[PDB]
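Just the one chain here, the form deposited in one PDB entry, laid out as structure tokens.
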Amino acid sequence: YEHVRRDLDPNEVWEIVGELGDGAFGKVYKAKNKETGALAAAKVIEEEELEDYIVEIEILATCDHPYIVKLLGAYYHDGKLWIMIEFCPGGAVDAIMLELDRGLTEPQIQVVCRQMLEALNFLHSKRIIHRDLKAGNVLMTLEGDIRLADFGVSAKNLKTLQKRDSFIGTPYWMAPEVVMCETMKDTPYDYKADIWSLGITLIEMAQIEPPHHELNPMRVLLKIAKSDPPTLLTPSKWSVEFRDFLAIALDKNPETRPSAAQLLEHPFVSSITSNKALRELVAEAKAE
């Protein structure tokens, strides 16, 4: 009830004008304010079902942090659920890498890492786990800041996803302790799963693709569980600080794995006080 209206027909304010891409629960649309020309991202999802999607709305409604996409409004009108979300004009980091046909520089990765850790430290304070970190779910502003989007869905919506034969892709970023899991238990170290995913996200940004990228998807699950933690392919190309950060983050034991707060003290990120590296990257991509 709290964050979803049944009164205003969205079409009065918002026009669906395009597609931005595909998330974990289908299409993400571009929406335009008809009077001002101001932009939003949007879900438009065709009473049982209405209740199930609300869990996802409550996550964005609950977060007041710059590095998590804002909820602008939610409407139920004519059998459709509209979720209006902050538009990130820089787009997804994996799209930037596709557009420029290369990985991020270390300074670019350091800005992304610093901001992702601040977001994750905030999320742990709310006892919210993202559950699906990857470069495709890290969005950019033109000013050069990140926004996390596409929070991992509920048990109910994963059920509806499988019953309608939709994917969310091979889980290359998944922590070893939960790679065989359809749904995860509530545990004291559940939230540590995002720290592993952050480590894999950094490697994906360094090398364009995550580890085990071409393995059979069932073999990926086994490799994540069984393999030594992944390292950068060419360690000589990256600072000792980057490699050390990855080595402490990609701990297969979720108890000993550091928290976001602990990793914010690491020299790889503790002195990152400018987003300029990322501002310039987004400027490069917007040119292409």
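For clarity, a rigid core is taken as the largest C-alpha set superposing within 1.5 Å between two forms. Sequential numbering from 1, following the sequence displayed.
FYI, the form deposited in another entry isn't displayed, but the following is about it.
The comparison between this form and the one not shown, aligned on the rigid core, picks out a single residue among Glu280, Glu265, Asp9, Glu15 whose CA moves by 2 Å or more, and that residue is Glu15. A movement of the C-alpha atom of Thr36 reaching 2 angstroms or beyond is seen between this form and the one not shown when the two forms are aligned on their rigid core. With the core held fixed, the Cα of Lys27 is displaced between this form and the one not shown by 2 Å or more.
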